[PDB]
*Asks:* 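Right, I'll just put the structure down here and ask away after.
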Amino acid sequence: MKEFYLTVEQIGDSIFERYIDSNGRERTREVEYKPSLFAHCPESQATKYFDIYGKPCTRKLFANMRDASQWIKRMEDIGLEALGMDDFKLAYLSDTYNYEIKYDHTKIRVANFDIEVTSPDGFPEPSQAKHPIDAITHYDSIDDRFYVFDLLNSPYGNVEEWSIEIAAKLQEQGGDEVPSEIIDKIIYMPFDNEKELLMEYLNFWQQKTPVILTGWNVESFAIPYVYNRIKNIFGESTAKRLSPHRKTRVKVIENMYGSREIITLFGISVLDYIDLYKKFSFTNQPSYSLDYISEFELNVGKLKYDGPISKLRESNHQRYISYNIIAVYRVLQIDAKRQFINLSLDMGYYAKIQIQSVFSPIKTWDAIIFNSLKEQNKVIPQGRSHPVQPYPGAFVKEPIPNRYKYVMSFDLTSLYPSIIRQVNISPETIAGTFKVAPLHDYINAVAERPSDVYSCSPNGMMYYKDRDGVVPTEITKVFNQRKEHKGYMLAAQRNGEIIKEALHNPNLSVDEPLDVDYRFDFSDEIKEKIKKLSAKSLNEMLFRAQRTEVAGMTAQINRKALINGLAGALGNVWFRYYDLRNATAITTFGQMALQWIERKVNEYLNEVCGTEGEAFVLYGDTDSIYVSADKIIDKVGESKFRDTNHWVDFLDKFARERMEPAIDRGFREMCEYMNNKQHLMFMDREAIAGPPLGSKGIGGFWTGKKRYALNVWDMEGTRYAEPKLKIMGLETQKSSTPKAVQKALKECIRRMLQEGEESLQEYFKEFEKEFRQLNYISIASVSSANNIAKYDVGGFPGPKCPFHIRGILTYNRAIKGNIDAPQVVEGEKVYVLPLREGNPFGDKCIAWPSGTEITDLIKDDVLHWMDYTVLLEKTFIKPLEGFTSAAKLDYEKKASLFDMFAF
DNA sequence: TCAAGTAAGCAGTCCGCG
DNA sequence: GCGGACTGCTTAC
Ligand SMILES: O=c1ccn([C@H]2C[C@H](O)[C@@H](COP(=O)(O)NP(=O)(O)OP(=O)(O)O)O2)c(=O)[nH]1
Ligand SMILES: [Ca+2]
Ligand SMILES: [Ca+2]
Ligand SMILES: [Ca+2]
Ligand SMILES: [Ca+2]
């Protein structure tokens, strides 16, 4: 096989690389790498290196990396550009792996660990590490084994050995229900004292040195704690053994706001799964406790135990250890589903960066662009400092707030990247400017053609049309991968609906799930076989189809985040290729494109329907348009339709055969108008929405910009077995809205859109009656909590004190001088509840760490003093009244009148 | 919440608004 | 009480 790096670091004048060699063995080397940088020179100087603008450069080979750094400094002092890759390890990888890397994950040691530390006197601060580590479970991907390190003797209690037998038994039998599938994979090692535990751990570590090191909060907790506890007991040198190169760096951070300390272990690539989850998952969670995330992702009931965690070890060591093992596993389970580790390796190897740099699209794109340019003997520009300037983005149409019965949406394929490609937008394809007219002029096709020669954006920029720029070229590469996985994602989806469909008529028999590949649309043969299956088998397949769809969503959306990250980076002053001319050429092109195709659609529809001036486009945001189809449905009748599927078929057909051609034509014109390099404005039908036929549903509604709801029957070719609600921006979709309330608001929306006013009133009233029965966590608001210290004076609320922050202050007072009480953590999320007047807490609300039960120290009084009425009308009623008025209907009947004597 | 971008909504505070 | 100037937070894209 071809070799690949595992990790790379620059330590002084040496590069340290861990790699897999041509024979599949992990190796390590130290290399005194001599970097090259560049500087402009006179033309006569016949060279083979040119800066991206075609200016000739001379390569300067330095004896070592310090010299090269120093040279950059001097070039600055003199005031000349120092060109080339100044991050030397990236240049190293580029020279060392001058090919498309093919990795083998089975050779890569991915280590997943979790530790426990008993602490009775507060949260065990990693930088303090004053408490013994009494448990460590460390899973190794190569061995596929859970290594358990169990402290038996501590100042906080002496315990007996964990029992794998009891671990396996059902919770209902006194066991801990450690899943049978990993029971065999557990290597258990009890220790008589902590020193012996930690020494063995390091020895173990030296032998199976993590390449990728992950887990849950390992970067802000596990790692710095192990590092500092070993340092406290044995000294730095021993602690530095966590680094294959024995080099570590204390490190921090970024604001804004405050700071935190992490330990940088050289030679290791740390991908804290919480951070991976935050970047790649596209969810916003009320809490990021592993318990909460586990239940969310896997639907596993949270691990339960009596007493505080700080007493768990000594009252129930059995469970303590078992839960440390399950913690490690839950993370493995999330990854098997979401597959963020795979995604990270893919991206890091693609770009040829430290794996952990996938967290940075700027670092990622620098590297992609640099390797691409280096291939042609081109030299990259020096990174320069810029002041931060605001700059305009997308256009958002103001909608008339209303109900909307029949809606079809259309959406441009991957807008910003497509604009980059169509226009040929790149640092080195800038051809000049033209005298701009107001945007509206281009929109209405009255402005003079910007250029007969170059490819233009309405922001005034012109671009070469002879050759593709490196930004278009490279962005095209990731766009195509993205597209491939989206195909797999959508096919797994369509397939899922077929299984769901079958689940209406499950056959009575024992059989197996069909061995198929859910990334591809089912063959008619597989379709027949599914109709003949049992519910148990159909359910299983459905599970696998949905797991395929999730795998595809991970692969596709994050490749989209990457390429969209490029368009955005052009607006970030830290990007080597930062340029507001290019950033705004992209966003201004977008504005034009959307309102241009709005004018076109309206025009098309006023002709076909034989009217004038009608606004068929009711809304639009960035790259999408929403068209009112009432009139298109009416033309046929609305009777004349057997069922709901019948008109969806009709609308589908109309979109595909009449509108998209008209839409393509409109965009082809615009391409010519801007004299663009390549027409890539592809706007496909996205959503088909309306109420069930014969129903009183209102189909859809809008309250304003970025706030709407729709009863979707078909989405991007996926024809749902059950209508799916697409709700955007409304409180159902916000993490700050209480769980119970979201659910309730959603049912309310479902009833409005599917059943109508009367079904709506009925539920709203039923909810209002039963509200007070809801569990307190399910009805608490949620907020991030920033700048507490800022508004703390009393500690009472200082001037301008935010509501949630005030709640925190109320909490802090209630638990004053209570060392065990859970502490609200600056920058994290809290649950918030209002409190009735005259409550013992002395304020109008209280707040506590989200994800948790509020301590037993105050729970009872909080429950007694919760203001249900306030809570209710702020979170449920008010927003609901917002929906109903925009929709022009009533959540309460409502004069009869009628009836006979009740009148 | 270290880690590409802007647009824009709603909650809440403070205070005007005769 | 509703709305602006504003801070904080959170979506859509
Ligand atoms: O996080 C984002 C999301 C979108 N955008 C911009 C770029 C994107 O092209 C445009 C429209 O985003 P969509 O959510 O519609 N996805 P996109 O159009 O990129 O591709 P697709 O619709 O095929 O997913 O909005 C960002 O800048 N950042
Ligand atoms: Ca799009
Ligand atoms: Ca899309
Ligand atoms: Ca059947
Ligand atoms: Ca969109």
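Because only heavy atoms are used, hydrogens play no part in the values below, and waters and symmetry mates are left out as well, while side chains stay in. Proteins come first, then strands; the chains are lettered A, B, ... in the order of their sequence lines, and each starts at number 1.
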*Asks:* Taking the nucleotide of DNA chain C with the closest heavy atom to each, which residue, A:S735 or A:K800, is nearer the 5' end?
*Replies:*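 Result: A:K800.
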*Asks:* Between B:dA11 and A:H804, is there an OP1 or OP2 to side-chain N/O distance shorter than 4.0 Å?
*Replies:* no
*Asks:* What's A:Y708 touching, base or sugar-phosphate or nothing? Going by heavy atoms closer than 4.0 Å.
*Replies:* sugar-phosphate
*Asks:* Checking all strands, does A:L566 fall into the base, sugar-phosphate, or nothing category for heavy-atom contacts under 4.0 angstrom?
*Replies:*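 Since no nucleic acid heavy atom lies under 4.0 Å of A:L566, the category is nothing.
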*Asks:* Hey, mind stepping through A:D411 and A:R685 against side-chain contact (heavy atoms from CB on, under 4.5 Å) and telling me if it holds?
*Replies:* CA-CA 6 Å; A:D411 168 280; A:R685 194 268 293 170; over 6 Å; no
*Asks:* Is there a stack between A:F803 and B:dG12, judged by ring centres under 5.5 Å and planes under 30°?
*Replies:* no
*Asks:* Determine whether A:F123 and A:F221 satisfy the following criterion, ring pair (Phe, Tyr, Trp, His ring centres under 6.0 Å), listing intermediate values before the conclusion.
*Replies:* CA-CA 11 Å; A:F123 178 92; A:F221 183 82; 5.6 Å; yes
*Asks:* Among A:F701, A:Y708, A:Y891, A:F876, whose ring-ring contact (aromatic ring centres under 6.0 Å, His included) with A:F883 holds?
*Replies:*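 Among the candidates, only A:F701 passes.
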*Asks:* Give me the ring orientation class for A:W702 and A:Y404: parallel if the planes are under 30° apart, tilted from 30 to 60°, perpendicular past 60°.
*Replies:* perpendicular
*Asks:* Hey, does A:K874 reach any base, or is it just sugar-phosphate, or nothing, if we go heavy atoms under 4.0 Å?
*Replies:*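 It contacts sugar-phosphate atoms only.
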*Asks:* Angle between the end axes of the helix from B:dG5-C:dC13 to B:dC17-C:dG1, five pairs per end, to the nearest 10 degrees?
*Replies:*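 Here the local axes at opposite ends form an angle of 30°.
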*Asks:* Could you tell me how far apart A:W702 (CH2) and C:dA12 (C1') are, to the nearest whole angstrom?
*Replies:*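 Computing the A:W702:CH2 to C:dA12:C1' distance gives 13 Å.
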*Asks:* NA contact type, A:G704, heavy-atom cut-off 4.0 Å: base, sugar-phosphate, or nothing?
*Replies:*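 The answer is nothing, as A:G704 stays clear of every strand by at least 4.0 Å.
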*Asks:* For A:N558 and B:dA4, give me the distance from atom CG to atom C1', rounded to whole Å.
*Replies:*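 Whole-Å distance recorded here is 14 Å.
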*Asks:* Would you kindly give the CH2-to-P distance between A:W365 and B:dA4, to the nearest whole Å?
*Replies:*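 Between P of B:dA4 and CH2 of A:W365: 13 Å.
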*Asks:* Would you indicate what A:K829 reaches in the nucleic acid, counting non-hydrogen atoms under 4.0 angstrom: base, sugar-phosphate, or nothing?
*Replies:*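 Contact class for A:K829: none.
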*Asks:* On the side chain of A:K706, is there an atom forming a donor-acceptor pair with the base of C:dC13 - under 3.5 Å, no angle test?
*Replies:* no
*Asks:* Starting at CG of A:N284 and ending at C1' of B:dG9, how long is that distance when rounded to a whole Å?
*Replies:* 15 Å
*Asks:* Does OP1 or OP2 of B:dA3 have a side-chain N or O of A:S357 closer than 4.0 Å?
*Replies:*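 For B:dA3, neither OP1 nor OP2 has a side-chain N or O of A:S357 closer than 4.0 Å.
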*Asks:* Among C:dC13, B:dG5, C:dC9, find the nucleotide with the atom closest to the side chain of A:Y626.
*Replies:*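 Given the options C:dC13, B:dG5, C:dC9, the side chain of A:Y626 is closest to C:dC13.
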*Asks:* Roughly how many Å is it from CG in A:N786 to P in C:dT10, rounded to a whole number?
*Replies:* 8 Å
*Asks:* A:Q591 near the nucleic acid: base, sugar-phosphate alone, or nothing, with a heavy-atom cut-off under 4.0 Å?
*Replies:*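 If one applies the 4.0 Å heavy-atom cut-off, A:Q591 turns out to touch nothing in the nucleic acid.
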*Asks:* Give one of base, sugar-phosphate or nothing for A:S783, where a contact means two heavy atoms less than 4.0 Å apart.
*Replies:*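 Counting heavy atoms under 4.0 Å across all strands, the contact made by A:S783 is with sugar-phosphate only.
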*Asks:* Looking only at the side chain of A:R707 (C-beta and beyond, no hydrogens), which of the listed nucleotides B:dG9, C:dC9, B:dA11 gets closest?
*Replies:*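 Ranking B:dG9, C:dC9, B:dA11 by closest atom to the A:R707 side chain puts B:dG9 first.
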*Asks:* Where the side chain of A:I253 is defined as all heavy atoms beyond and including C-beta, which of B:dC2, C:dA12, B:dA8 is the nearest nucleotide?
*Replies:*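 Nearest to the side-chain atoms of A:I253, counting from C-beta on, is B:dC2.
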*Asks:* For A:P879, report the nucleic acid contact type (base, sugar-phosphate, nothing); a contact means any heavy atom under 4.0 Å.
*Replies:* nothing
*Asks:* Decide yes or no for A:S778 and A:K743: does some side-chain heavy atom of the first lie under 4.5 Å from some side-chain heavy atom of the second?
*Replies:* no
*Asks:* By the 4.0 Å heavy-atom rule, please label A:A394 as base, sugar-phosphate, or nothing.
*Replies:*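 Here A:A394 touches the backbone only, sparing every base.
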*Asks:* Assess whether a salt bridge exists between A:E716 and A:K486, defined as any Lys/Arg side-chain N lying under 4.0 Å from an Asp/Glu carboxylate O.
*Replies:* yes
*Asks:* Rounded to the nearest angstrom, tell me the gap between atom CZ in A:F395 and atom P in B:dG5.
*Replies:*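 After rounding, the gap between these two atoms is 24 Å.
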*Asks:* May I ask you to say what A:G393 touches in the nucleic acid, namely base, sugar-phosphate or nothing, with a heavy-atom cut-off under 4.0 Å?
*Replies:*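 It contacts sugar-phosphate atoms only.
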*Asks:* Write down the distance separating the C1' atoms in C:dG8 and B:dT1, rounded off to the nearest Å.
*Replies:* 14 Å
*Asks:* Looking only at non-hydrogen atoms, find the nearest pair between A:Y811 and A:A847 and report the distance.
*Replies:* CB-O, 2.9 Å
*Asks:* Rounded to the Å, how far apart are A:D411 CG and C:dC13 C1'?
*Replies:*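 Atom-to-atom, A:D411 to C:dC13, this comes out as 9 Å.
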*Asks:* Categorize A:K790 for me: base, sugar-phosphate, or nothing, with a 4.0 angstrom heavy-atom threshold over every strand shown.
*Replies:* sugar-phosphate
*Asks:* Taking the side chain of A:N787 as its heavy atoms from C-beta onward, which of C:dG8, B:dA7, C:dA12 lies nearest to it?
*Replies:* C:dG8
*Asks:* Could you check A:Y257 against A:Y619 and say which one's nearest nucleotide on DNA chain C is further toward the 5' end?
*Replies:* A:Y257
*Asks:* OP1, OP2 of B:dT6 versus side-chain N and O of A:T622: anything below 4.0 Å?
*Replies:* no
*Asks:* With no hydrogens and no angle check, just 3.5 Å: does a side-chain donor-acceptor pair link A:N424 and A:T429?
*Replies:* no
*Asks:* Would you mind classifying the nucleic acid contact of A:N564 as base, sugar-phosphate or nothing, using non-hydrogen atoms under 4.0 angstrom?
*Replies:*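 The residue A:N564 makes base contact.
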*Asks:* Please determine whether a side-chain nitrogen of the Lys or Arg among A:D86 and A:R576 lies less than 4.0 Å from a carboxylate oxygen of the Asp or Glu.
*Replies:* yes
*Asks:* Is there a donor and acceptor pair closer than 3.5 Å between the side chain of A:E219 and the base of B:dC2?
*Replies:*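 Checked by distance alone, the answer is yes.
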*Asks:* Could you tell me the separation between the OH atom of A:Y791 and the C1' atom of B:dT13, rounded to a whole number of Å?
*Replies:*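 Value for this atom pair: 10 Å.
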*Asks:* For the side chain of A:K734, counting heavy atoms from C-beta on, which of C:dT11, B:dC2, B:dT1 is nearest?
*Replies:*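 Given the options C:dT11, B:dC2, B:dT1, the side chain of A:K734 is closest to C:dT11.
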*Asks:* Taking the side chain of A:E254 as its heavy atoms from C-beta onward, which of B:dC2, B:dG5, C:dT11 lies nearest to it?
*Replies:*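 The nucleotide sitting nearest to the side chain is B:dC2.
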*Asks:* NA contact type, A:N255, heavy-atom cut-off 4.0 Å: base, sugar-phosphate, or nothing?
*Replies:* nothing
*Asks:* Would you indicate what A:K844 reaches in the nucleic acid, counting non-hydrogen atoms under 4.0 angstrom: base, sugar-phosphate, or nothing?
*Replies:* sugar-phosphate
*Asks:* If I pick the P atom on C:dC13 and the same atom on B:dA4, what distance separates them, to the nearest angstrom?
*Replies:* 24 Å
*Asks:* Should A:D867 and A:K844 count as an ion pair when the cut-off is N to O under 4.0 Å?
*Replies:* no
